[PDB]
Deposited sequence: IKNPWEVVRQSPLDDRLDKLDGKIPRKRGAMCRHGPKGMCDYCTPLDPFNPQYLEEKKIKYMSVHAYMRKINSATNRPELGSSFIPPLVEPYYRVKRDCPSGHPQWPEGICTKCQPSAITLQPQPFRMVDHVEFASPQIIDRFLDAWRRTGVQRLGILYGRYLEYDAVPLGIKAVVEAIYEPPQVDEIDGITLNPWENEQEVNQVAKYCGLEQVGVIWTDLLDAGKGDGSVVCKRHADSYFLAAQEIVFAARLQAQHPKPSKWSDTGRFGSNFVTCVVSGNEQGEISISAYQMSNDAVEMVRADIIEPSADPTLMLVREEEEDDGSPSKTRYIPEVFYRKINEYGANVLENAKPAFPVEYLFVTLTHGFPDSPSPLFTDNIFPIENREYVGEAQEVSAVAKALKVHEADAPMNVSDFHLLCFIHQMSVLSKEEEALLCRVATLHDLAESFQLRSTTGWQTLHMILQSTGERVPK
């Protein structure tokens, strides 16, 4: 029937990027001997994956689209149809499903044709997402307020959207518009997550805003003790940048957020879920570091093959409900040759993640402009969400004031109140994100809006 790569719906971003070759144009050079409109082998456009170009621009990884261009013939496209061969294969390091060999299924039998092949951990040369752009520093500042006033760490879920990142060939960036802080118990050196009961409701609200979960963020901050805001630099070469347990956590998260792809044999390939860590840099400044767990790491966590060791820089391969194949990791000796080492019983974590760049936009134009509502799950800091906070934010007794509803947490709380219908709530979120005066007026005319205001006036 229809294959997986035929029925999956990609994002508009992926649809746009599929049509680009990403070739980097070039001008005449010192070795070119032709006119301003001729061409030779020294001025031909470069591939998006040209190693020399990426090295020259200090680009550590090529975009996943450039990687696809590299490994795939340009004629092989889904448009061909039945003759299309998806070039992307998502790692599968588990026993194969529905083995027609004769032996019983995995837990009771196994032949050489259904056992997984030997794993070879090499550094991933591509990254699904290339950049993490925060729409405004106020987002991170409001997030870190939790730690500033408590001294304990904090975790949040990044809500936003994916866009083209032009600074790198065929790049992609996650634009973060808000940080939702889910239920948790925070300590000076750890975070325990509690059941996120309303995750689907928050997802619905974000969808009304044209947003989605794009990653996770957490803090590893510790005041240096100089009364100047400086923090301790605890993540560095001589320690770690991501702990094995953190890598497993982020890998599980990525596995739960697969990216649909019309170029994969299974319709999905990799994940756009990014991971951000706020901590001290070599200058004692609060800074961000963006990462993504490799697809091999995600598959190994999917296969329950690895687990954290007592050393945060080392990952254990679990011993013999699961199958442990050969696991090597690749190194280079002093002679320059490639060497395969046995990753068992423990191997370095450096092979399990890739690094992303991050920043704020030139001139921020964020979707959510108003900070007028307490953030969720902050009772432990005396910050509680109440209907009175809604009445205050909506300035319900000051009829002469302008509408200010551009706050994601306010939108989530209002969704919780369950007063506006789906159409009314969609209009509210559209007004919050796009700020169209005519649509604000239209919202003020709705029956749900007036019901909400009558409710709010009686508190």
Please list, in sequence order, every stretch of the deposited sequence that lacks C-alpha coordinates.
321-329, 469-474
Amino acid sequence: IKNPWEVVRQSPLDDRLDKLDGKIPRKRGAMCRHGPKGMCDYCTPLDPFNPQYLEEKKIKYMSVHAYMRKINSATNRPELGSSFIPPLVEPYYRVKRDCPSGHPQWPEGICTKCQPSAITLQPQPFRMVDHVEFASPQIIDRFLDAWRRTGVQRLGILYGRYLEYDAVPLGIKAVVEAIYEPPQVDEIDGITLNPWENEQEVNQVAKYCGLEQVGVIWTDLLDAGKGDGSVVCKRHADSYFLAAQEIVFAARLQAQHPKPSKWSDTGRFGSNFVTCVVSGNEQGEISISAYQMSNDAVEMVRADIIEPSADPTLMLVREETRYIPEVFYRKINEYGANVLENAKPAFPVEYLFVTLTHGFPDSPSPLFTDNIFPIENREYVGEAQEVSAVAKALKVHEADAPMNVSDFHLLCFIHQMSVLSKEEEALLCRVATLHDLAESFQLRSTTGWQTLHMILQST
From here on, numbers count along this sequence of modelled residues.
Tell me which of 100-108 and 155-163 has the higher mean C-alpha B-factor in the deposited entry.
100-108
Tell me which stretch, 206-214 or 333-341, has the higher mean Cα B-factor listed in the entry.
333-341
Selection by C-alpha B-factor (highest) of 263, 291, 351, 273
351
Per the entry's Cα B factor values, which of 170, 144, 384, 175 stands out as the maximum?
384
Could you tell me which third, lowest, middle or highest, the C-alpha B-factor of residue 430 occupies within its chain?
lowest
C-alpha B factor of residue 252, ranked within the chain: lowest, middle or highest third?
lowest
Quick tally, chain-level thirds of C-alpha B-factors: residue 269 sits in the lowest
Within-chain third of residue 51 by Cα B-factor, per the entry:
middle
Quick one: classify residue 31 as lowest, middle or highest third of the chain based on its Cα B-factor.
highest
